[PDB]
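Enquirer: Quick check, what structure comes out for this input:
(5 chains, ligands or ions: 4)
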Amino acid sequence: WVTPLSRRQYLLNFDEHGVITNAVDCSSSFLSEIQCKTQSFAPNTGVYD
Amino acid sequence: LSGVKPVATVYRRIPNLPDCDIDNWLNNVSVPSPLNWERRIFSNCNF
Amino acid sequence: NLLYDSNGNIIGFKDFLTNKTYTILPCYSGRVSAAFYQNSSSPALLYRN
Amino acid sequence: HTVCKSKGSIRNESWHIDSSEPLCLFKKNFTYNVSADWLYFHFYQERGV
Amino acid sequence: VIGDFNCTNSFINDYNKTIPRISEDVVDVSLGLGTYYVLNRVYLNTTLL
Ligand SMILES: *[C@@H]1O[C@H](CO)[C@@H](O[C@@H]2O[C@H](CO)[C@@H](O)[C@H](O)[C@H]2NC(C)=O)[C@H](O)[C@H]1NC(C)=O
Ligand SMILES: *[C@@H]1O[C@H](CO)[C@@H](O[C@@H]2O[C@H](CO)[C@@H](O)[C@H](O)[C@H]2NC(C)=O)[C@H](O)[C@H]1NC(C)=O
Ligand SMILES: *[C@@H]1O[C@H](CO)[C@@H](O[C@@H]2O[C@H](CO)[C@@H](O)[C@H](O)[C@H]2NC(C)=O)[C@H](O)[C@H]1NC(C)=O
Ligand SMILES: *[C@@H]1O[C@H](CO)[C@@H](O)[C@H](O)[C@H]1NC(C)=O
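Expert: Numbers count the residues shown, from 1 in each chain, chains lettered A, B, ... in the order given. Ligands and ions are numbered 1, 2, ... in the order given. Sure, structure below:
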């Protein structure tokens, strides 16, 4: 199986042992864009444009 | 007031090509005669 | 073989020849605060912190 | 084409013809799990690298 | 057509019933599938973009 690639922007979470736990594609949904612009998986309460 | 570069440098890099291993072929247990003079070409390696 | 932080700098590495780890520490680079009178031979230096 | 080495085939492996060893820039062997089920790879280039 | 040298012409035909198939699965980067580690960098307990 082959799929094309594109220059995207992803957010990576590292644990204490340096193992990637979860990732969020910033071009998937609006909550993903909020997590991208806040640089965190638990964004605070606010109005994001 | 004002706020030197030491010449000591540390250069480490992983090689991209294997070793030539010329000493293994020269120290072989089989020594060819002057009439044979076997030949081995070494290329794309580090020595 | 290298250790990086969230800011993007390197703070450690591993040697593949001796199998020993190290921590890269930044080197000192600071200035001196000197107090000088109207007519004096040498001012008074102060290395802060 | 690629010829099976476990059970053989009717053809011979022929994908390059070189009398001597050509100029190479990279050469290294890697090992993986033989009993694996699926493999994943990533190939890309940027700025000639 | 890849190369420009004649190496074998034993059995060459024109088959016209070979169509690639499309998989039924999609890309899911939630658990980490589809993401790759950095070249040689290690990150411990950090969230990197
Ligand atoms: C550094 O650690 C690596 C990993 O264990 C060592 O590589 C091993 O060396 C032994 C001895 O020859 C082999 O039996 C293993 O198969 C090697 N493992 C791998 C993954 O290559 C290496 O020798 C160590 N280096 C030093 C200087 O101690
Ligand atoms: C990587 O592995 C391949 C396959 O095991 C090696 O190719 C072999 O090379 C030897 C020496 O030239 C030949 O006698 C064998 O017939 C080759 N095997 C195959 C399947 O082609 C290759 O040399 C290895 N590379 C390194 C750098 O060790
Ligand atoms: C991993 O990182 C988290 C987030 O920075 C650390 O959690 C903080 O720990 C400090 C010290 O105990 C607390 O004062 C903060 O309130 C914590 N923040 C959160 C959001 O929990 C955690 O300690 C780190 N773990 C290790 C082993 O370094
Ligand atoms: C290779 O994969 C099989 C099946 O997934 C597994 O049982 C085996 O432990 C793996 N080998 C190693 C060295 O982990």
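Enquirer: hey, let's count contacts and neighbours off CA atoms from now on
Expert: OK.
Enquirer: tally of neighbours for residue E:30?
Expert: 13 (other C-alpha atoms under 10 Å in any protein chain shown).
Enquirer: ugh, wrong one, I meant residue A:35
Expert: Around residue A:35 there are 18 residues (other C-alpha under 10 Å).
Enquirer: Just give me the longest strand of chain C.
Expert: Assignment by DSSP state E gives strand C:10-14 as the longest strand of chain C.
Enquirer: partners of the following helix or strand past it in the sheet?
Expert: Per DSSP states H and E, the first helix or strand lying C-terminal to strand C:10-14 is strand C:21-22. Using DSSP bridges, the strands paired with strand C:21-22 are strand C:10-14 (antiparallel).
Enquirer: Show me the residue at the heart of chain E, geometrically.
Expert: The centroid of chain E falls nearest to residue E:34 when counting by C-alpha atoms, centre = their mean (11.5 Å).
Enquirer: Tell me the residue of chain B that sits nearest chain E?
Expert: residue B:14 (11.9 Å; C-alpha to the nearest C-alpha).
Enquirer: before we move on, the earlier item: and the longest strand of chain C, what's buried?
Expert: C:10, C:12-13 (16 or more other C-alpha atoms under 10 Å in any protein chain shown).
Enquirer: Could you dump those into a markdown table and include distance to residue A:28?
Expert: Below are the buried residues of strand C:10-14 laid out as a markdown table (distance: C-alpha to C-alpha, whole Å):
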| residue | distance to residue A:28 |
| --- | --- |
| C:10 | 32 |
| C:12 | 35 |
| C:13 | 35 |
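Enquirer: contacting residues around whatever residue of chain C ends up closest to ligand 1?
Expert: Using C-alpha to the nearest ligand atom, the closest approach of chain C to ligand 1 is made by residue C:18 at 4.4 Å. Contacts for residue C:18 (C-alpha atoms under 8 Å, 6 or more residues apart in numbering or on different chains) come out as none.
Enquirer: measure it to residue B:41 for me?
Expert: Separation of residue C:18 from residue B:41 (C-alpha to C-alpha, to the nearest Å): 33 Å.
Enquirer: And residue C:43, by the same measure?
Expert: Distance of residue C:43 to residue B:41, given as C-alpha to C-alpha: 72 Å.
Enquirer: okay, those two: which has more neighbours?
Expert: Remark: of residue C:43 and residue B:41, residue C:43 carries more neighbours, 12 against 6, as counted by other C-alpha under 10 Å.
Enquirer: Excluding chain neighbours, give the residue nearest to residue 42 in space.
Expert: Since no chain was named, I'll use chain A. Nearest residue to residue A:42, sequence neighbours excluded (C-alpha to C-alpha, 6 or more residues apart in numbering or on different chains): residue A:35, at 7.3 Å.
Enquirer: meant chain D actually
Expert: residue E:36 (7.8 Å).
Enquirer: Same check on residue C:37?
Expert: Spatial nearest neighbour of residue C:37, excluding adjacent residues (C-alpha to C-alpha, 6+ apart): residue C:43 at 7.3 Å.
Enquirer: shouldn't the one you found be in contact with residue C:33?
Expert: No - with contact defined as C-alpha atoms under 8 Å, residue C:43 does not reach residue C:33; the gap is 9.8 Å.
Enquirer: Please tell me how far stretch A:13-29 is from the chain's geometric centre.
Expert: Centroid separation for stretch A:13-29 versus its chain: 7 Å, with C-alpha atoms, centre = their mean, to the nearest Å.
Enquirer: First-to-last residue distance for that stretch?
Expert: End-to-end distance for stretch A:13-29: 18 Å, by C-alpha to C-alpha.
Enquirer: residues making contact with that stretch?
Expert: Here stretch A:13-29 makes contact (C-alpha under 8 Å, 6+ apart) with A:8-12, A:32-33, A:35-36, E:29-32, E:35, E:42-48.
Enquirer: Run through the helices of chain E in chain order.
Expert: With DSSP state H as the definition, chain E shows no helices.
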